[PDB]
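> no sequence for this one, just the structure:
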Ligand SMILES: [Cu+2]
Ligand SMILES: [Cu+2]
Ligand SMILES: [Cu+2]
Ligand SMILES: [Cu+2]
Ligand SMILES: [Cu+2]
Ligand SMILES: [Cu+2]
């Protein structure tokens, strides 16, 4: 059909791990969904030690925000590169078909903008990331990636084809950083993004991240920023990793229904303890909480989680179920 | 129902790779299954060179023993930390719901014990491991992990929903160790577990294991301890990795039915050469032997297998099938 | 039945990424398919810098050629080790049952040959590789691996059991190399394969490839050797990795139907952005091109792709579809 005849809806994006307001089941016919993202290069402190990198962001955050549309909507993205930035950027949507995901059509120097439209023909959660020719892993591993969820028009379904409706959704972007080191192993600092390049490449080529974080920093999803839920609530956790494999796990829970590689035409895997999200992929896990208290949500390479940063928390409110679990004899000396 | 009205059965655990006696199809209604594990910190020699680490074990073995119950049984574990040990330990069951898998309820100092009960609500093979707050990867990568199998009450089923019955079951626990090195690359020794900590963390943070072994040591599942079978026997191999991805493969065989991420409500993948078990997961492969002789069972990163230790053997007895394979012309010079 | 009564067909293999002529749906009954491979040890230049390794090849190429048969055909391979070579070699087919995949029956010194027959009882794409006892990862990571496709006799099927017919097929073999370094980090050279051994083992034991390439070298599948297709063509890309995990991704496309672990009795995963092929496995992705232009086909660890070599291109001819994607506002300063 003629795209100009479709409804347009403008979305203002929100900061991860929260997600902009949407409807699981499409209440309108196909639409052009308009999004705007402003690229921001900024200093970010990524650990408790104060280590500070030059981050390359969509909309100021690592990860970039979660976009949400329905299958066969059109995504229309205005991408702005303000003149306060120093580098060339673009955007590649794994949800899109053609022109390197959009990257070939969206190359913006500082002081430029562009508008891309694509049809979201396949349902699922998908990575998007910057990918400037010759510079691709540097931008992605500087934080310049996020995700897009393309919901089926009739919402999510279980392995039997019956509805799965979430009460809450969170987006966990997992970021591998490669902070270059001096000779004894200390992390380095730079005034601008551009004198860092060869040593960034050298650091990346070790294939050994120095930091692996959720929402841009060690401990970002803890304390006053812990994820929350109530006993009995159905929660969808979308998880992306644009460059490197991860293996999410909810400590004390499960993934009741998981699309590990993120594509909703496939039946979900049931009852997962842990699931492999390959680098370059978004996945999604659905869980109904059954117990209150603190949960850790981790990459279950536990070194990556508890030493390098890939760990967050849920604080869950509600009633304790002694049938599911109980201390029979509390720790004591006999 | 009232748990006190259920039958109780006590199980004495056996050493991996063997598995305690059980029934595939449940011959009773739901039960409380009582298990006892005694934590043992001990020196273990892990390679042919004589490299010796301070291992942290459940029941004296790396991995800890395989527990077997049925879906909707209750697992009641008495966990004992004798005063001959030096560290704080606990236990986290990926099969369980709530309180960090049990870890929040089972913190035992040396000289203490505790009893935990949980309902095994989801069928599958699952990791369990120690997880003391602040110290988690150190304990797991010191060997303090095992697995639990929660069988469906009506046993295993194929991709069509028909019964799959095994004749033999083995449990292969795969362990990544991170032995710290001096400056030239030699492995270090320690008198106690506790002066090793910072260098253990430094060694872990390389994300490069020094050793990756089955059943606690290089070559443990070979020679007089090779796994065995007969042509025509149906064998289930449960394989866990509590911290790091693996990719099991039976050299000269297949996984006829594989639950790579271990959860029996999902149909198995058929005819696998190799399967990815993500770190933090147990998986299970079912194979009917069709040829006699030696098989290697490996992590098919062949460096991890043949250089770092992740390789064992089967010795299979029976008749050779020349229809399946034959040497037409034996190696010779013409 | 009596094998001597079956038809025999001789196949002359072709160089990857091309595939020898075959039929998707079997036009004959089961056959003995005769293949001949000549081992060649040779110097190969693997990067733009001129780094040169002693490669160990089947039929002169890295990867070795793709063999194609149908389920329940017999593969009869004449393996020749000319006296111009220096090492012992053999072959292990993950498609085969017994004798370590054939490796136990095919050990050929220089100046020897052998003929192996096996029944291809399981449909799928499978790795084959050399595996001489005591030396296995050295040979595999020197390039001595390829793949075999065992088609169902009635061809490929979708998730609903309907036919999937490809117009073109390519075989992408992905190779992790571990070039040893001097003390500052320079790559080394050797006159013969055999003085390299301990340092090859040391380099492998880092688990950090120095190079990860498609078709044997950085940029091999680009320029005049880019893969090609037309808009509307159905393409099967078979991808193997004999030693190490990979995560293929078609930049600007998808895997419409993917057998990530390569076994055709399983329904394919639909609409994949990226898929995990575990080390020791072959996988296959089916895609119908919908847009023209350049695509990159990568391992989506983008460091592995764009820094270490795991990237190739498609050049696709045809009409552009502005409904699927369009630049609304080309990059400009306002
Ligand atoms: Cu960028
Ligand atoms: Cu990408
Ligand atoms: Cu412990
Ligand atoms: Cu865990
Ligand atoms: Cu060889
Ligand atoms: Cu193999």
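Done, it's in. Numbering: from 1, shown residues only, chains lettered A, B, ... in the order given. Ligands and ions are numbered 1, 2, ... in the order given.
> and the residue nearest the centre of chain A?
Computing the C-alpha centroid of chain A and ranking residues by C-alpha atoms, centre = their mean puts residue A:173 first, at 2.8 Å.
> report how many residues lie close to the residue lying closest to it once chain neighbours are set aside.
Among residues not flanking residue A:173 along the chain, residue A:63 sits closest, at 2.5 Å (C-beta to C-beta, 6 or more residues apart in numbering or on different chains). All C-beta atoms are positioned from the backbone trio N, CA, C, and that covers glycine. Residue A:63 is flanked by 30 other residues according to other C-beta atoms under 10 Å in any protein chain shown.
> surely residue A:63 touches residue A:144?
No: assessed by C-beta atoms under 8 Å, residue A:63 is found out of contact with residue A:144, at 9.1 Å.
> how close does whatever residue of chain A ends up closest to chain B sit to ligand 3?
In chain A, the residue that lies nearest chain B is residue A:300 (2.7 Å; C-beta to the nearest C-beta). Using C-beta to the ion, to the nearest Å, residue A:300 is found at 17 Å from ligand 3.
> do you know how far that residue is from residue A:311?
Note on residue A:300: its distance to residue A:311, by C-beta to C-beta, to the nearest Å, is 10 Å.
> what about the two, which has more around it?
Neighbour count, other C-beta under 10 Å: between residue A:300 and residue A:311, residue A:300 has more, with 31 against 25.
> residues contacting the closest residue to that one other than its chain neighbours?
Closest residue in space to residue A:300, ignoring its immediate chain neighbours: residue B:280 at 2.7 Å, by C-beta to C-beta, 6+ apart. Contacts for residue B:280 were tallied using C-beta atoms under 8 Å, 6 or more residues apart in numbering or on different chains; they are A:247, A:249, A:273-274, A:300-302, B:94, B:127, B:241-243.
> quick one: which of those is most hemmed in?
Going by other C-beta under 10 Å, residue B:242 tops those with 34 neighbours.
> so it makes contact with residue B:130?
No: using C-beta under 8 Å, residue B:242 makes no contact with residue B:130, being 9.4 Å away.
> what does chain A put close to ligand 1?
Residues of chain A found near ligand 1 (C-beta under 5 Å from the ion) are A:56, A:89, A:130, A:139, A:144.
> ok, so of those, who is nearest ligand 5?
residue A:139 (40.1 Å; C-beta to the ion).
> quick check: the closest one is in a helix.
Yes: per DSSP: H, G, I helix; E, B strand; the rest coil, residue A:139 lies within a helix segment.
> show me what contacts the residue lying closest to it once chain neighbours are set aside?
Nearest non-adjacent residue to residue A:139, counting by C-beta to C-beta, 6+ apart: residue A:130, 4.2 Å away. By C-beta under 8 Å, 6+ apart, the residues touching residue A:130 are A:56, A:58, A:89-92, A:103, A:136, A:139-140, A:144-145.
> that older thread, now for residue B:242 and residue B:130: what residues contact both?
Contact criterion C-beta under 8 Å, 6+ apart; residues shared by residue B:242 and residue B:130: B:140, B:145.
> where does the one residue in the stretch 1-150 of chain A that gets nearest to ligand 3 fall, helix, sheet strand or coil?
At 24.3 Å from ligand 3, residue A:48 is the closest residue in the stretch 1-150 of chain A, using C-beta to the ion. Judged by three-state DSSP, the three-state class of residue A:48 is coil.
> quick check: it touching residue A:218?
Yes: counting by C-beta under 8 Å, residue A:48 does reach residue A:218; the two are 5.9 Å apart.
> tell me which of these two has more neighbours.
Using other C-beta under 10 Å, the more surrounded residue of residue A:48 and residue A:218 is residue A:218, with 20 against 10.
> adding distance to residue A:210, write the contacts of residue B:280 out as a markdown table.
Below are these laid out as a markdown table (distance: C-beta to C-beta, whole Å):
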| residue | distance to residue A:210 |
| --- | --- |
| A:247 | 19 |
| A:249 | 22 |
| A:273 | 28 |
| A:274 | 24 |
| A:300 | 20 |
| A:301 | 15 |
| A:302 | 17 |
| B:94 | 28 |
| B:127 | 27 |
| B:241 | 24 |
| B:242 | 24 |
| B:243 | 19 |
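> so of these, which ones are in strands?
A:249, B:127, B:241 (DSSP state E).
> mind listing what the nearest residue to the last one once chain neighbours are set aside touches?
With C-beta to C-beta, 6+ apart as the measure, residue B:174 is the residue that lies nearest to residue B:241, at 4.7 Å, once sequence neighbours are left out. Listed by C-beta under 8 Å, 6+ apart, the contact partners of residue B:174 are B:212-214, B:239-241, B:246, B:299, B:310.
> the strand or helix carrying residue B:174 pairs with which strands?
Here residue B:174 is covered by strand B:168-177, with elements defined by DSSP states H and E. Applying DSSP bridges, strand B:168-177 is found paired with strand B:211-214 (antiparallel), strand B:234-241 (parallel).
> so residue A:305, which state does it fall into?
Strictly by three-state DSSP, residue A:305 counts as helix.
> so what's the residue count around residue A:325?
The local packing of residue A:325 (other C-beta under 10 Å) involves 25 other residues.
> distance of it relative to chain C?
To chain C, residue A:325 is 33 Å away according to C-beta to the nearest C-beta, to the nearest Å.
> which residues touch that residue?
Residue A:325 is in contact with A:291, B:96-99, B:102, B:105, B:116-119, counting by C-beta under 8 Å, 6+ apart.
> ok so, going back, which ones among the residues of chain A next to ligand 1 lie within strands?
The strands, defined by DSSP E, take in residue A:56 from these.
> which among the residues of chain A next to ligand 1 end up buried?
Among the residues of chain A next to ligand 1, those classed as buried by 16 or more other C-beta atoms under 10 Å in any protein chain shown are A:56, A:89, A:130, A:139, A:144.
> pretty sure the first one is touching residue A:146, no?
No: applying C-beta under 8 Å as the test, residue A:56 and residue A:146 come out as separate, 11.9 Å apart.
> how about the residues of the stretch 1-150 of chain A near chain C?
By C-beta under 8 Å from any C-beta of the partner chain, the part of the stretch 1-150 of chain A that sits against chain C consists of A:3, A:76, A:78, A:92, A:94-109, A:111-119, A:121-124, A:126-127, A:131, A:136-137, A:140-141.
> residue A:147 touches residue A:238, doesn't it?
Yes: counting by C-beta under 8 Å, residue A:147 does reach residue A:238; the two are 6.3 Å apart.
> more neighbours: the two, which one.
The neighbour comparison of residue A:147 against residue A:238 (other C-beta under 10 Å) goes to residue A:147, with 33 against 24.
> what's the single longest helix in chain A?
helix A:197-205 (DSSP state H).
> where does chain A get nearest to ligand 5, residue-wise?
For chain A, C-beta to the ion, closest residue to ligand 5: residue A:207, 26.2 Å.
> circling back: let me know the secondary structure of the residue nearest to residue A:173.
Residue A:63 - assigned by three-state DSSP - is coil.
> is the residue nearest to residue A:35 when sequence neighbours are not counted in a bridge, and if so with what?
The spatially closest residue to residue A:35, leaving aside those adjacent along the chain, is residue A:77, at 4.9 Å (C-beta to C-beta, 6+ apart). Residues in a beta bridge with residue A:77, per DSSP bridges, are residue A:35, residue A:116.
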